[PDB]
>>> print(open('entry.pdb').read())   # PDB, C-alpha atoms and all ligand atoms
ATOM      1  CA  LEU A   4      96.208  81.252 133.999
ATOM      2  CA  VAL A   5      96.803  79.969 137.493
ATOM      3  CA  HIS A   6      98.434  76.703 138.108
ATOM      4  CA  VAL A   7      98.050  75.554 141.586
ATOM      5  CA  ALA A   8     100.316  72.872 142.752
ATOM      6  CA  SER A   9      98.489  69.778 143.712
ATOM      7  CA  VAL A  10     100.148  66.982 145.635
ATOM      8  CA  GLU A  11      99.787  63.644 143.982
ATOM      9  CA  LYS A  12      97.126  61.999 146.082
ATOM     10  CA  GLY A  13      98.534  60.404 149.209
ATOM     11  CA  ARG A  14     102.180  60.669 148.483
ATOM     12  CA  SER A  15     104.742  61.998 150.925
ATOM     13  CA  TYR A  16     108.474  62.712 151.035
ATOM     14  CA  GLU A  17     109.395  59.076 151.289
ATOM     15  CA  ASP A  18     107.599  58.401 148.075
ATOM     16  CA  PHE A  19     109.594  60.989 146.261
ATOM     17  CA  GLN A  20     112.865  59.911 147.754
ATOM     18  CA  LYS A  21     112.270  56.605 145.994
ATOM     19  CA  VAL A  22     111.715  58.109 142.586
ATOM     20  CA  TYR A  23     114.962  59.959 143.283
ATOM     21  CA  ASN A  24     116.865  56.917 144.206
ATOM     22  CA  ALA A  25     115.517  55.188 141.173
ATOM     23  CA  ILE A  26     116.824  57.890 138.920
ATOM     24  CA  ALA A  27     120.070  57.978 140.727
ATOM     25  CA  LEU A  28     120.696  54.282 140.555
ATOM     26  CA  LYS A  29     119.970  54.357 136.932
ATOM     27  CA  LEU A  30     122.440  57.175 136.378
ATOM     28  CA  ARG A  31     125.060  55.120 137.974
ATOM     29  CA  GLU A  32     124.239  52.155 135.777
ATOM     30  CA  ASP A  33     123.968  53.656 132.316
ATOM     31  CA  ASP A  34     127.295  55.322 132.376
ATOM     32  CA  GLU A  35     128.335  54.700 128.787
ATOM     33  CA  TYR A  36     126.054  57.306 127.303
ATOM     34  CA  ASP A  37     127.624  59.980 125.081
ATOM     35  CA  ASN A  38     130.982  58.306 125.460
ATOM     36  CA  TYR A  39     131.077  57.966 129.167
ATOM     37  CA  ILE A  40     129.617  61.361 130.124
ATOM     38  CA  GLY A  41     126.527  59.618 131.438
ATOM     39  CA  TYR A  42     122.963  60.962 131.393
ATOM     40  CA  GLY A  43     123.460  63.578 134.100
ATOM     41  CA  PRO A  44     123.945  66.415 131.712
ATOM     42  CA  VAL A  45     121.127  65.704 129.365
ATOM     43  CA  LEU A  46     118.712  65.490 132.354
ATOM     44  CA  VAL A  47     119.703  68.895 133.649
ATOM     45  CA  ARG A  48     119.073  70.273 130.207
ATOM     46  CA  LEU A  49     115.711  68.488 129.946
ATOM     47  CA  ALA A  50     114.656  69.971 133.237
ATOM     48  CA  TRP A  51     115.748  73.428 132.148
ATOM     49  CA  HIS A  52     114.101  73.134 128.774
ATOM     50  CA  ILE A  53     110.659  72.054 130.008
ATOM     51  CA  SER A  54     110.799  75.066 132.251
ATOM     52  CA  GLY A  55     112.227  77.719 129.917
ATOM     53  CA  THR A  56     109.166  77.944 127.789
ATOM     54  CA  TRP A  57     107.568  80.032 130.483
ATOM     55  CA  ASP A  58     106.165  83.501 129.865
ATOM     56  CA  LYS A  59     105.807  85.843 132.913
ATOM     57  CA  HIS A  60     103.465  87.886 130.867
ATOM     58  CA  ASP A  61     100.635  85.415 130.448
ATOM     59  CA  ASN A  62     101.734  82.526 132.624
ATOM     60  CA  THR A  63     101.783  80.066 129.707
ATOM     61  CA  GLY A  64     104.473  77.372 129.466
ATOM     62  CA  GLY A  65     106.872  76.441 132.306
ATOM     63  CA  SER A  66     107.183  72.985 133.905
ATOM     64  CA  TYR A  67     103.752  72.577 135.486
ATOM     65  CA  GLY A  68     101.885  70.889 132.732
ATOM     66  CA  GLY A  69     104.467  68.343 131.546
ATOM     67  CA  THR A  70     103.783  69.448 127.971
ATOM     68  CA  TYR A  71     107.117  68.145 126.753
ATOM     69  CA  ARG A  72     105.385  64.845 126.418
ATOM     70  CA  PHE A  73     103.321  66.160 123.499
ATOM     71  CA  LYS A  74     104.558  66.219 119.879
ATOM     72  CA  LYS A  75     104.648  70.047 119.253
ATOM     73  CA  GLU A  76     107.060  70.441 122.252
ATOM     74  CA  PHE A  77     108.827  67.216 121.918
ATOM     75  CA  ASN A  78     109.718  67.862 118.299
ATOM     76  CA  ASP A  79     110.899  71.414 118.972
ATOM     77  CA  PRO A  80     114.185  71.968 117.163
ATOM     78  CA  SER A  81     115.619  73.623 120.205
ATOM     79  CA  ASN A  82     114.835  70.297 121.952
ATOM     80  CA  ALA A  83     116.993  68.220 119.618
ATOM     81  CA  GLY A  84     118.750  65.521 121.648
ATOM     82  CA  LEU A  85     116.496  65.767 124.699
ATOM     83  CA  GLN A  86     114.739  62.601 123.587
ATOM     84  CA  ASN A  87     117.581  60.608 125.096
ATOM     85  CA  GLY A  88     116.789  61.860 128.557
ATOM     86  CA  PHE A  89     113.145  61.254 127.907
ATOM     87  CA  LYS A  90     113.827  57.615 127.081
ATOM     88  CA  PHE A  91     116.015  57.361 130.135
ATOM     89  CA  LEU A  92     113.118  58.459 132.309
ATOM     90  CA  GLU A  93     110.494  56.300 130.684
ATOM     91  CA  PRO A  94     111.146  53.081 132.660
ATOM     92  CA  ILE A  95     111.127  55.156 135.723
ATOM     93  CA  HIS A  96     107.750  56.536 135.066
ATOM     94  CA  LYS A  97     106.509  52.998 134.513
ATOM     95  CA  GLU A  98     107.849  51.967 137.899
ATOM     96  CA  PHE A  99     106.131  54.986 139.463
ATOM     97  CA  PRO A 100     103.055  55.839 137.486
ATOM     98  CA  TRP A 101     101.421  58.123 139.993
ATOM     99  CA  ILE A 102     104.044  60.858 139.494
ATOM    100  CA  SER A 103     103.063  63.659 137.162
ATOM    101  CA  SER A 104     105.275  64.326 134.156
ATOM    102  CA  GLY A 105     106.280  67.811 135.191
ATOM    103  CA  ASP A 106     107.222  66.396 138.532
ATOM    104  CA  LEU A 107     109.401  63.686 136.993
ATOM    105  CA  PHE A 108     111.152  65.810 134.331
ATOM    106  CA  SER A 109     112.035  68.230 136.953
ATOM    107  CA  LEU A 110     113.080  65.783 139.566
ATOM    108  CA  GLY A 111     115.492  64.254 137.074
ATOM    109  CA  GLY A 112     117.338  67.584 136.825
ATOM    110  CA  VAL A 113     117.609  67.894 140.622
ATOM    111  CA  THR A 114     118.771  64.337 140.936
ATOM    112  CA  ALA A 115     121.286  64.863 138.210
ATOM    113  CA  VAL A 116     122.776  67.901 139.834
ATOM    114  CA  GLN A 117     123.000  66.378 143.250
ATOM    115  CA  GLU A 118     124.332  63.035 142.079
ATOM    116  CA  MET A 119     127.093  64.854 140.122
ATOM    117  CA  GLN A 120     128.260  66.365 143.300
ATOM    118  CA  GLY A 121     126.531  69.699 142.862
ATOM    119  CA  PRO A 122     124.695  71.498 145.596
ATOM    120  CA  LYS A 123     121.434  70.317 147.132
ATOM    121  CA  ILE A 124     118.403  71.800 145.301
ATOM    122  CA  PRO A 125     115.171  71.950 147.312
ATOM    123  CA  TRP A 126     112.338  70.584 145.244
ATOM    124  CA  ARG A 127     108.579  70.868 145.376
ATOM    125  CA  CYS A 128     105.962  68.325 144.092
ATOM    126  CA  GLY A 129     102.515  69.295 142.752
ATOM    127  CA  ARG A 130     102.805  69.867 139.025
ATOM    128  CA  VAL A 131      99.779  68.767 137.133
ATOM    129  CA  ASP A 132      99.634  67.320 133.722
ATOM    130  CA  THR A 133      97.594  69.515 131.375
ATOM    131  CA  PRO A 134      96.150  68.732 128.000
ATOM    132  CA  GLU A 135      97.716  68.749 124.669
ATOM    133  CA  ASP A 136      96.435  72.218 123.896
ATOM    134  CA  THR A 137      98.344  73.914 126.735
ATOM    135  CA  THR A 138     101.565  73.023 124.888
ATOM    136  CA  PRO A 139     103.415  76.270 124.175
ATOM    137  CA  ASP A 140     104.381  76.844 120.626
ATOM    138  CA  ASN A 141     107.949  76.296 119.534
ATOM    139  CA  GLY A 142     110.141  79.339 119.596
ATOM    140  CA  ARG A 143     110.345  80.215 123.288
ATOM    141  CA  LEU A 144     113.817  78.707 123.933
ATOM    142  CA  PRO A 145     116.868  80.909 123.251
ATOM    143  CA  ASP A 146     119.220  81.049 120.344
ATOM    144  CA  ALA A 147     122.965  80.618 120.907
ATOM    145  CA  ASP A 148     124.380  83.008 118.352
ATOM    146  CA  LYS A 149     123.591  86.152 120.224
ATOM    147  CA  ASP A 150     125.164  88.465 122.678
ATOM    148  CA  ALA A 151     124.666  89.736 126.182
ATOM    149  CA  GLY A 152     121.771  92.020 125.361
ATOM    150  CA  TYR A 153     119.793  89.156 123.883
ATOM    151  CA  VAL A 154     120.509  86.931 126.861
ATOM    152  CA  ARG A 155     119.560  89.707 129.194
ATOM    153  CA  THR A 156     116.376  90.396 127.392
ATOM    154  CA  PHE A 157     115.606  86.734 126.987
ATOM    155  CA  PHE A 158     116.033  85.881 130.623
ATOM    156  CA  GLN A 159     113.881  88.697 131.742
ATOM    157  CA  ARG A 160     110.959  86.808 130.291
ATOM    158  CA  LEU A 161     111.582  84.315 133.014
ATOM    159  CA  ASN A 162     112.096  86.822 135.766
ATOM    160  CA  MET A 163     115.706  86.199 136.125
ATOM    161  CA  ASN A 164     118.145  89.026 136.864
ATOM    162  CA  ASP A 165     121.883  89.221 136.038
ATOM    163  CA  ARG A 166     122.940  87.274 138.992
ATOM    164  CA  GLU A 167     120.571  84.319 138.287
ATOM    165  CA  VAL A 168     121.514  84.234 134.611
ATOM    166  CA  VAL A 169     125.136  83.956 135.335
ATOM    167  CA  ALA A 170     124.538  81.416 138.073
ATOM    168  CA  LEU A 171     122.353  79.470 135.788
ATOM    169  CA  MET A 172     124.834  79.413 132.941
ATOM    170  CA  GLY A 173     127.485  77.621 135.017
ATOM    171  CA  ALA A 174     125.545  74.480 134.218
ATOM    172  CA  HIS A 175     127.302  74.726 130.847
ATOM    173  CA  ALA A 176     130.269  73.210 132.510
ATOM    174  CA  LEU A 177     128.409  69.923 132.130
ATOM    175  CA  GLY A 178     128.032  67.824 129.008
ATOM    176  CA  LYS A 179     128.853  69.358 125.713
ATOM    177  CA  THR A 180     127.497  70.647 122.452
ATOM    178  CA  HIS A 181     126.758  68.164 119.710
ATOM    179  CA  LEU A 182     126.970  69.036 116.077
ATOM    180  CA  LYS A 183     123.997  66.999 115.046
ATOM    181  CA  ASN A 184     121.868  68.589 117.765
ATOM    182  CA  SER A 185     122.422  72.290 117.694
ATOM    183  CA  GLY A 186     124.981  72.854 115.041
ATOM    184  CA  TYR A 187     127.787  73.330 117.707
ATOM    185  CA  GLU A 188     130.454  70.969 118.766
ATOM    186  CA  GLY A 189     132.648  70.376 121.809
ATOM    187  CA  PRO A 190     132.833  70.355 125.628
ATOM    188  CA  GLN A 191     133.345  73.401 127.827
ATOM    189  CA  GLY A 192     136.007  71.972 129.996
ATOM    190  CA  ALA A 193     137.414  68.796 131.351
ATOM    191  CA  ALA A 194     135.209  67.754 134.287
ATOM    192  CA  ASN A 195     132.089  67.332 132.333
ATOM    193  CA  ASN A 196     130.079  65.133 134.603
ATOM    194  CA  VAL A 197     130.940  66.438 137.990
ATOM    195  CA  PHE A 198     129.429  69.789 138.987
ATOM    196  CA  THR A 199     131.975  72.565 139.652
ATOM    197  CA  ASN A 200     132.769  76.232 138.838
ATOM    198  CA  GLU A 201     134.914  75.131 135.896
ATOM    199  CA  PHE A 202     132.795  77.098 133.461
ATOM    200  CA  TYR A 203     133.818  80.475 134.880
ATOM    201  CA  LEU A 204     137.440  79.439 135.227
ATOM    202  CA  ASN A 205     137.562  78.399 131.603
ATOM    203  CA  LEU A 206     135.899  81.501 130.412
ATOM    204  CA  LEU A 207     138.400  83.605 132.258
ATOM    205  CA  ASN A 208     141.585  81.567 131.700
ATOM    206  CA  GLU A 209     141.633  80.094 128.249
ATOM    207  CA  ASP A 210     142.640  82.006 125.225
ATOM    208  CA  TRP A 211     139.662  81.789 122.998
ATOM    209  CA  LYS A 212     139.732  81.904 119.244
ATOM    210  CA  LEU A 213     136.745  82.695 117.163
ATOM    211  CA  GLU A 214     136.172  80.115 114.453
ATOM    212  CA  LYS A 215     133.531  78.728 112.206
ATOM    213  CA  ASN A 216     132.498  75.120 112.671
ATOM    214  CA  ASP A 217     131.469  72.361 110.305
ATOM    215  CA  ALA A 218     127.952  73.574 110.471
ATOM    216  CA  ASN A 219     129.043  77.011 109.405
ATOM    217  CA  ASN A 220     128.488  78.568 112.748
ATOM    218  CA  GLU A 221     130.741  80.511 114.928
ATOM    219  CA  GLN A 222     132.142  79.385 118.152
ATOM    220  CA  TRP A 223     134.973  80.278 120.458
ATOM    221  CA  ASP A 224     137.524  77.542 120.468
ATOM    222  CA  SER A 225     140.359  77.152 122.874
ATOM    223  CA  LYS A 226     143.724  75.368 122.580
ATOM    224  CA  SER A 227     142.803  72.957 125.380
ATOM    225  CA  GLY A 228     140.207  71.646 123.013
ATOM    226  CA  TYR A 229     137.208  73.358 124.675
ATOM    227  CA  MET A 230     134.519  75.530 123.050
ATOM    228  CA  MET A 231     132.114  78.245 124.218
ATOM    229  CA  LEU A 232     128.931  79.436 122.519
ATOM    230  CA  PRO A 233     128.632  83.119 121.507
ATOM    231  CA  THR A 234     126.099  83.346 124.324
ATOM    232  CA  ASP A 235     128.564  81.791 126.718
ATOM    233  CA  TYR A 236     131.319  84.095 125.542
ATOM    234  CA  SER A 237     128.943  87.012 125.934
ATOM    235  CA  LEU A 238     129.300  86.718 129.796
ATOM    236  CA  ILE A 239     132.812  88.184 129.540
ATOM    237  CA  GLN A 240     131.876  90.841 127.065
ATOM    238  CA  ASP A 241     129.259  92.456 129.319
ATOM    239  CA  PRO A 242     130.614  94.423 132.272
ATOM    240  CA  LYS A 243     127.949  93.417 134.673
ATOM    241  CA  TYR A 244     128.099  89.749 133.757
ATOM    242  CA  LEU A 245     131.931  89.661 133.906
ATOM    243  CA  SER A 246     132.195  90.732 137.522
ATOM    244  CA  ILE A 247     129.758  87.946 138.429
ATOM    245  CA  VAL A 248     131.760  85.437 136.385
ATOM    246  CA  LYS A 249     134.761  86.605 138.332
ATOM    247  CA  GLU A 250     132.926  86.076 141.602
ATOM    248  CA  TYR A 251     132.047  82.485 140.746
ATOM    249  CA  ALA A 252     135.533  81.786 139.446
ATOM    250  CA  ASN A 253     136.797  82.598 142.880
ATOM    251  CA  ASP A 254     134.220  81.051 145.066
ATOM    252  CA  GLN A 255     132.600  77.813 144.159
ATOM    253  CA  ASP A 256     130.421  78.038 147.300
ATOM    254  CA  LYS A 257     128.835  81.310 146.331
ATOM    255  CA  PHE A 258     128.252  79.747 142.923
ATOM    256  CA  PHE A 259     126.590  76.724 144.416
ATOM    257  CA  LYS A 260     124.230  78.716 146.716
ATOM    258  CA  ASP A 261     123.298  80.963 143.871
ATOM    259  CA  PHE A 262     122.761  78.118 141.409
ATOM    260  CA  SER A 263     120.653  76.303 143.886
ATOM    261  CA  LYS A 264     118.258  79.196 144.443
ATOM    262  CA  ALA A 265     118.005  79.959 140.798
ATOM    263  CA  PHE A 266     117.485  76.497 139.579
ATOM    264  CA  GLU A 267     114.639  75.952 142.009
ATOM    265  CA  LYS A 268     113.132  79.256 140.983
ATOM    266  CA  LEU A 269     113.502  78.304 137.436
ATOM    267  CA  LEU A 270     111.689  74.999 137.953
ATOM    268  CA  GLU A 271     108.997  76.662 140.010
ATOM    269  CA  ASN A 272     108.165  79.544 137.721
ATOM    270  CA  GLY A 273     104.459  79.756 136.912
ATOM    271  CA  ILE A 274     103.414  77.639 139.857
ATOM    272  CA  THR A 275     101.242  78.707 142.703
ATOM    273  CA  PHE A 276     102.002  76.854 145.909
ATOM    274  CA  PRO A 277      99.003  76.998 148.211
ATOM    275  CA  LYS A 278      99.304  77.599 151.858
ATOM    276  CA  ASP A 279      98.926  74.076 152.971
ATOM    277  CA  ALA A 280     101.462  72.670 150.458
ATOM    278  CA  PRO A 281     104.252  70.759 152.046
ATOM    279  CA  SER A 282     107.568  72.436 152.336
ATOM    280  CA  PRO A 283     110.165  71.802 149.703
ATOM    281  CA  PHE A 284     111.949  68.579 150.027
ATOM    282  CA  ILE A 285     115.689  68.091 150.225
ATOM    283  CA  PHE A 286     116.525  64.588 148.950
ATOM    284  CA  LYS A 287     119.357  62.436 150.292
ATOM    285  CA  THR A 288     121.856  61.428 147.721
ATOM    286  CA  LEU A 289     122.521  57.724 147.171
ATOM    287  CA  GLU A 290     125.684  58.091 149.098
ATOM    288  CA  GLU A 291     124.052  59.793 151.956
ATOM    289  CA  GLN A 292     121.860  56.850 152.240
ATOM    290  CA  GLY A 293     124.664  54.309 151.841
ATOM    291  CA  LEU A 294     123.094  52.794 148.563
TER     292      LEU A 294
HETATM  293  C1  LIG B 301     121.510  81.529 126.645
HETATM  294  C2  LIG B 301     120.955  80.471 127.223
HETATM  295  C3  LIG B 301     121.317  79.054 126.750
HETATM  296  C4  LIG B 301     121.664  78.681 125.540
HETATM  297  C5  LIG B 301     121.523  79.496 124.243
HETATM  298  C6  LIG B 301     121.967  77.268 125.605
HETATM  299  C7  LIG B 301     122.041  76.500 124.474
HETATM  300  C8  LIG B 301     122.739  75.345 124.701
HETATM  301  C9  LIG B 301     123.271  74.614 123.593
HETATM  302  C10 LIG B 301     123.113  75.090 122.143
HETATM  303  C11 LIG B 301     123.432  73.349 124.005
HETATM  304  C12 LIG B 301     124.025  72.147 123.236
HETATM  305  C13 LIG B 301     123.018  71.019 122.915
HETATM  306  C14 LIG B 301     123.546  69.856 122.104
HETATM  307  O1  LIG B 301     123.945  70.068 120.926
HETATM  308  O2  LIG B 301     123.353  68.703 122.572
HETATM  309  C15 LIG B 301     123.257  73.332 125.431
HETATM  310  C16 LIG B 301     123.860  72.291 126.105
HETATM  311  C17 LIG B 301     123.460  72.216 127.412
HETATM  312  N1  LIG B 301     122.724  73.184 128.059
HETATM  313 FE1  LIG B 301     122.358  75.074 127.546
HETATM  314  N2  LIG B 301     121.862  76.840 126.904
HETATM  315  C18 LIG B 301     121.580  77.963 127.648
HETATM  316  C19 LIG B 301     121.127  78.018 128.942
HETATM  317  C20 LIG B 301     121.334  76.913 129.704
HETATM  318  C21 LIG B 301     120.879  76.798 131.072
HETATM  319  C22 LIG B 301     120.140  77.908 131.845
HETATM  320  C23 LIG B 301     120.982  75.520 131.415
HETATM  321  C24 LIG B 301     120.651  74.873 132.766
HETATM  322  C25 LIG B 301     120.709  75.533 133.920
HETATM  323  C26 LIG B 301     121.826  74.897 130.414
HETATM  324  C27 LIG B 301     122.195  73.565 130.430
HETATM  325  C28 LIG B 301     122.725  72.841 129.397
HETATM  326  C29 LIG B 301     123.429  71.579 129.567
HETATM  327  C30 LIG B 301     123.743  70.916 130.913
HETATM  328  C31 LIG B 301     123.970  71.270 128.381
HETATM  329  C32 LIG B 301     124.802  70.040 128.006
HETATM  330  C33 LIG B 301     123.900  68.940 127.447
HETATM  331  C34 LIG B 301     124.543  67.647 127.026
HETATM  332  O3  LIG B 301     125.765  67.433 127.260
HETATM  333  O4  LIG B 301     123.771  66.953 126.324
HETATM  334  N3  LIG B 301     121.803  75.678 129.288
HETATM  335  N4  LIG B 301     122.970  74.620 125.865
HETATM  336  K     K B 302     128.003  72.124 128.193
END
>>> encode(input="entry.pdb", output="C-alpha cells", more="lines below")
Ligand code: HEM
Ligand SMILES: [K+]
Amino acid sequence: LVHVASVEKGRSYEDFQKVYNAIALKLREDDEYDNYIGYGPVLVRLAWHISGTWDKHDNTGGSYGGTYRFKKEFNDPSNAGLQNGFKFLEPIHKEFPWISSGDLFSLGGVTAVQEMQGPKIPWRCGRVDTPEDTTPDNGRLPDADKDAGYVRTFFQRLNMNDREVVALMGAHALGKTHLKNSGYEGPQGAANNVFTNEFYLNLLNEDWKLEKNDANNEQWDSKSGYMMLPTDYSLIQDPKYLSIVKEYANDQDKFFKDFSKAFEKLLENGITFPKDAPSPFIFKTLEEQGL
C-alpha cells in the first residue's frame, strides 16, 4: 500500500488558513462543552485516534483515508465519545467541502493544540479519502489497563520510540476521562484546556492511590481530585520513561518541541509526500492574526 499525498486541486496555504480560522473561531464560540472544557481536547483525541490505527507492517490504517467517517471505525468502542468532535467539525466541512476528511480531522487536532496555547505544529495537506473497504478493523487502538511494556510494544507499531511516546502522552494533561466513554473517570490536573507540562508535574508530585472506580476498573487517584490511567502511571514505573517524564517536568520548552515533532509524525504516518509537494504549513493562530 502506498498512499501518496495529493493536494486538493488548486488550493494553497491561504485556503487552509481559512479552514483553520473557522475551526478556531468555533472553538472559541462553543465553550460550554463538557462543562466548560470546550472542544479542544476531544479534537486532539480525534486527530490522534484516526491516526493510531496505523500499521507500519502493512501500511494499512493511519489518517490518510479519512476512514473514521465509515461505520466500522466510527462505532469502534475505543472511539466512544469522539462523535462529539465529529459533529463539531461537520458544519465546517459543509463550509469547505473541497477538503478531504483526513485533512480536516487532522487539522482540527493541530488547531486545537495551537489555539490552547500549545506549540506550533507544522501540518501537511494531501490526504485522500479512500473507500469504505480500506477501513481498518476495530482493535488497533490501545487499552488503558496495561503497563509500560504494553505501551512500549504498542507504540512500536507506529514507529514511535520512548521519547515520542512520552512526549505524546503529555496530551493527557488535556480534557479528562469519562466514565460513560471508557470506563474511567476524572481529569489529570487543573489546567485542562490550556496546553502545558502539567501532566508530568502531576505524575511526579501527587501522591497517587490505587483504587477501583464505579466501572470496576482501577485507576490512580490523587487527593487533589485528579486521576491517572494505569498506562499513564506506567510512565513512572519504567526507568527509561521516568527520566523523560522528569525532563519534561523541568522544561516545558523541550516538551513542546518534542510534542510538536511527534504529533506531526504521528499524523503523517503512512503517507508518502512526493517531491513536488508543498512544504508543511505553519498556521497563524487567531490571535496572531488579530481575529
Ligand atoms: C497508551 C496510550 C493511550 C491510552 C491508553 C489513552 C486512552 C485514553 C483514555 C482511556 C481516554 C479517556 C476517554 C474518555 O473517556 O472520554 C483518553 C482521553 C484522551 N486522550 Fe488518550 N490515550 C493514550 C494515548 C493518547 C495520546 C497519544 C493522545 C494524543 C497525543 C491522547 C489524547 C487524549 C486526550 C486529549 C484525551 C482527553 C479527551 C477528552 O477530554 O475528551 N491519548 N485517552
Ligand atoms: K486527559
>>> residues_around(input="entry.pdb", residues="residue 271 in chain A", least_positions_apart="4", cutoff="12 Å", atoms="only C-alpha atoms", output="VMD selection string")
chain A and resid 6 to 8 50 to 51 53 to 55 57 62 64 to 68 105 to 106 109 to 110 124 to 130 161 to 162 264 to 267 275 to 276 283
>>> closest_atom_pairs(input="entry.pdb", of="chain A", to="ligand LIG 301 (chain B)", cutoff="7 Å", atoms="only C-alpha atoms and all ligand atoms", output="tab-separated table")
residue	atom	partner	partner_atom	distance
A:44	CA	B:LIG301	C30	4.6
A:45	CA	B:LIG301	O4	4.2
A:47	CA	B:LIG301	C30	5.3
A:48	CA	B:LIG301	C28	4.5
A:51	CA	B:LIG301	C24	5.1
A:84	CA	B:LIG301	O2	5.7
A:145	CA	B:LIG301	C5	5.0
A:146	CA	B:LIG301	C5	4.8
A:147	CA	B:LIG301	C5	3.8
A:154	CA	B:LIG301	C1	5.5
A:171	CA	B:LIG301	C25	4.7
A:172	CA	B:LIG301	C22	5.0
A:174	CA	B:LIG301	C25	5.0
A:175	CA	B:LIG301	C29	5.2
A:177	CA	B:LIG301	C30	4.9
A:178	CA	B:LIG301	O3	2.9
A:179	CA	B:LIG301	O3	4.0
A:180	CA	B:LIG301	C12	3.9
A:181	CA	B:LIG301	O1	3.6
A:182	CA	B:LIG301	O1	5.8
A:183	CA	B:LIG301	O1	6.6
A:184	CA	B:LIG301	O1	4.1
A:185	CA	B:LIG301	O1	4.2
A:186	CA	B:LIG301	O1	6.6
A:187	CA	B:LIG301	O1	6.0
A:188	CA	B:LIG301	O1	6.9
A:234	CA	B:LIG301	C1	5.5
A:266	CA	B:LIG301	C25	6.6
>>> closest_residue(input="entry.pdb", among="A:58, A:17, A:291, A:235", to="ligand K 302 (chain B)", atoms="only C-alpha atoms and all ligand atoms")
A:235
>>> closest_residue(input="entry.pdb", among="A:75, A:134, A:212, A:40", to="ligand K 302 (chain B)", atoms="all atoms listed in the file")
A:40
>>> closest_residue(input="entry.pdb", among="A:243, A:287, A:59, A:52", to="residue 21 in chain A", atoms="all atoms listed in the file")
A:287
>>> atom_distance(input="entry.pdb", atom1="CA of residue 223 in chain A", atom2="CA of residue 237 in chain A")
10.6 Å
>>> closest_residue(input="entry.pdb", among="A:11, A:61, A:256, A:201", to="ligand K 302 (chain B)", atoms="only C-alpha atoms and all ligand atoms")
A:201
>>> closest_residue(input="entry.pdb", among="A:72, A:193, A:123, A:23", to="ligand K 302 (chain B)", atoms="all atoms listed in the file")
A:193
>>> closest_residue(input="entry.pdb", among="A:251, A:244, A:158, A:202", to="ligand K 302 (chain B)", atoms="all atoms listed in the file")
A:202
>>> atom_distance(input="entry.pdb", atom1="CA of residue 209 in chain A", atom2="CA of residue 253 in chain A")
15.6 Å
>>> atom_distance(input="entry.pdb", atom1="CA of residue 269 in chain A", atom2="CA of residue 91 in chain A")
22.3 Å
>>> build_atoms(input="entry.pdb", residues="range 18-33 of chain A", atoms="N, CA and C atoms", output="CSV table (one decimal), in the coordinates of the input")
chain,number,residue,atom,x,y,z
A,18,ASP,N,107.9,58.9,149.4
A,18,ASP,CA,107.6,58.4,148.1
A,18,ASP,C,108.5,59.0,147.0
A,19,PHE,N,108.8,60.3,147.2
A,19,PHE,CA,109.6,61.0,146.3
A,19,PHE,C,111.1,60.6,146.3
A,20,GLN,N,111.5,60.3,147.5
A,20,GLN,CA,112.9,59.9,147.8
A,20,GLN,C,113.2,58.7,146.9
A,21,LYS,N,112.2,57.8,146.8
A,21,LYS,CA,112.3,56.6,146.0
A,21,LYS,C,112.4,56.8,144.5
A,22,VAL,N,111.6,57.8,144.0
A,22,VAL,CA,111.7,58.1,142.6
A,22,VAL,C,113.2,58.6,142.3
A,23,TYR,N,113.6,59.4,143.3
A,23,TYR,CA,115.0,60.0,143.3
A,23,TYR,C,116.0,58.9,143.2
A,24,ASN,N,115.9,58.0,144.2
A,24,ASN,CA,116.9,56.9,144.2
A,24,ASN,C,116.8,56.1,142.9
A,25,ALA,N,115.6,56.0,142.4
A,25,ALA,CA,115.5,55.2,141.2
A,25,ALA,C,116.2,55.9,140.0
A,26,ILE,N,116.2,57.2,140.0
A,26,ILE,CA,116.8,57.9,138.9
A,26,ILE,C,118.3,57.8,139.1
A,27,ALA,N,118.7,58.0,140.3
A,27,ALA,CA,120.1,58.0,140.7
A,27,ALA,C,120.8,56.7,140.4
A,28,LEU,N,120.1,55.6,140.8
A,28,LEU,CA,120.7,54.3,140.6
A,28,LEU,C,120.8,54.1,139.1
A,29,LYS,N,119.8,54.6,138.3
A,29,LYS,CA,120.0,54.4,136.9
A,29,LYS,C,121.1,55.2,136.3
A,30,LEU,N,121.4,56.4,136.9
A,30,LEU,CA,122.4,57.2,136.4
A,30,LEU,C,123.8,56.5,136.5
A,31,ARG,N,123.9,55.9,137.7
A,31,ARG,CA,125.1,55.1,138.0
A,31,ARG,C,125.3,54.0,137.0
A,32,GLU,N,124.3,53.3,136.7
A,32,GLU,CA,124.2,52.2,135.8
A,32,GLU,C,124.5,52.4,134.3
A,33,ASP,N,123.8,53.4,133.7
A,33,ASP,CA,124.0,53.7,132.3
A,33,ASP,C,125.1,54.7,132.1
